[PDB]
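First the structure, in the form of structure tokens, and then the observations on it.
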Amino acid sequence: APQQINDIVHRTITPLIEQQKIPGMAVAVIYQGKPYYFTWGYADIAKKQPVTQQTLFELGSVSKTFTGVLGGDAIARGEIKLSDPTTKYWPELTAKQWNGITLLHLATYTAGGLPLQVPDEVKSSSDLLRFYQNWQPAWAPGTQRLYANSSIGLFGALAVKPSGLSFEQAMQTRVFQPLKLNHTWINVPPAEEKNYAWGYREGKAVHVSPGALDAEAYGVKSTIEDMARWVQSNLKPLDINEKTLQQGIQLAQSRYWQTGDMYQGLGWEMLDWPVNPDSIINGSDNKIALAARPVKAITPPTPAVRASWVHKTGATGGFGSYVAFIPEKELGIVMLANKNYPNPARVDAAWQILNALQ
Ligand SMILES: CC(=O)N1CCc2c(NS(=O)(=O)c3cccc(Cl)c3O)cccc21
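Heads up, the final residue of the sequence shown is numbered 361 in the deposited numbering, and it's a clean run with no missing numbers.
Now the structure itself:
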């Protein structure tokens, strides 16, 4: 732990924890390719369990980066194409509004206004079909972006259909195991519950509740060590020996759409590096419950740009996560907390640390 990394991390994160009243936090800095770990506070306030390097956190929407990469791996295997119509993998989706909606539109929130949340009433495979059949798009496909679990969640479910595997089994076999992410889970096994932090919402200890397409949109739990390895893998995909996984990571960092200064990948979101912090700090703010934005198609998509700020925020009811990395600098950060605190404060802290080290 070089003193420079020690000092910038502690001097940034300690006040953040105090100001946001975060119960526990884990941070990883990847510097010239090597990981350094930091932990503070409590995974379980009532049982006085500390945050360790083995503590599991709910990633929330950072799970969408795993879904994006798994989808990219299915593309690279030749099992799906992003230009495929949605109905090719779900022929029972016969309602006419689905003509022209491709897997690309699902993966990038551009199908025409799919809603942020799958309704709680939707549980079964037949409930899900009925929900997507009755959905009425506000817009033509490929014209506006509206961030949505029901969009990328359906992409993940359809992307694994030609493989025959369940989504969880495909994610394990094709992403977690090859990358040695051995403490990363869609469902936390009983053997690992001692390490599963509680989330904290309004002072109450909480875990994410089951929901339709939860595994695909917000369902991953992981340790700070496994998340650092995730960042290392996305920083240098060519060091990965599995060929389709290498390509799938590269596809998830391709630029498909532009809105303002932001480019939409598969799960990942990107900006040109160097970034103005206020373009990301205000650009990811989740004070807005619904933000509809016109998109410009990038025709054809730009392959993964090493001179990028690649990032993703994530939340559940009781957790708040952030990942950002800069491929050209071999630099990255992971911030895992068991409180859902404001996104601008995450990005500001991450920028203060990475800017100091670049
Ligand atoms: C208060 C509460 O209960 N929350 C907040 C977030 C969340 C998720 N995660 S999410 O829908 O995919 C998501 C939406 C929007 C933005 C982000 Cl960054 C995000 O991860 C799942 C279940 C409950 C809750």
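Note that beta-carbon positions come from the ideal geometry of N, C-alpha and C, so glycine has one too.
Listed in chain order, the non-local C-beta contacts of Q139 below 7 Å within the same chain comprise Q100, local neighbours out to five positions each way being set aside. Short note on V211: C-beta closer than 7 Å to some heavy atom of ligand 1.
For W260, the uninterrupted beta strand (DSSP E) segment begins and ends at 258–262.
In this structure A173 is buried. Its beta-carbon is surrounded by 16 or more other beta-carbon atoms within 10 angstroms.
Counting only runs of 3 or more residues that sit fully inside the segment 113–138, no beta strand (DSSP E) segment turns up. Between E219 and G156, the C-beta spacing is below 8 Å.
In the three-state reduction of the DSSP assignment, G286 falls in the coil class, being assigned neither a helical nor a strand state. By DSSP's assignment, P38 forms a beta bridge with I33.
Relative to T89, the option among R80, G74, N102, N358 whose CA is nearest is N102. For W233, the enclosing alpha helix (DSSP H) has its first and last residue at 227–238. In the DSSP assignment, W93 falls outside any alpha helix (DSSP H) and carries neither an H nor an E.
Judged by DSSP secondary structure, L149 falls outside any alpha helix (DSSP H); it is assigned neither H nor E. Annotation: the continuous beta strand (DSSP E) that includes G323 extends over 322–329. Annotation: the continuous beta strand (DSSP E) that includes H314 extends over 311–319.
In this chain, the beta strand (DSSP E) harbouring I301 covers 299–305. One alpha carbon belongs to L119, the other to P5, and they sit about 42 Å apart. Along the length of the segment 33–84, whole beta strand (DSSP E) runs at least 3 residues long occupy 37–47, reported in chain order. Taking a C-beta distance under 8 Å as the contact criterion, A29 and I189 do not qualify as a contact pair. Scanning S127, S311, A353 for the CA closest to the CA of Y266 turns up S311.
The closest heavy atom of ligand 1 lies less than 7 Å from the beta carbon of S64. Distances taken from the Cβ of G317 to the heavy atoms of ligand 1 include one shorter than 7 Å. Counting of Cβ neighbours within 10 angstroms places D242 among the exposed residues, the total staying below 16.
With contacts defined by Cβ atoms closer than 8 Å, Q250 and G75 form a contacting pair.
In the three-state DSSP reduction, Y221 falls in the helix class (H, G or I).
The beta carbon of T247 sits closer than 6 Å to the beta carbons of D76, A79, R80 from its chain, once the five residues preceding and following it are set aside; these are given in chain order. The segment 59–73 and the segment 122–129 do not touch, with fewer than 3 CB-CB distances between them shorter than 8 Å. Just measuring C-alpha positions, the residue of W201, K290, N343 sitting nearest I20 is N343.
In this structure, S324 sits away from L334, with a CB-CB distance that is not shorter than 8 Å. In the three-state DSSP reduction, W188 falls in the strand class (E or B).
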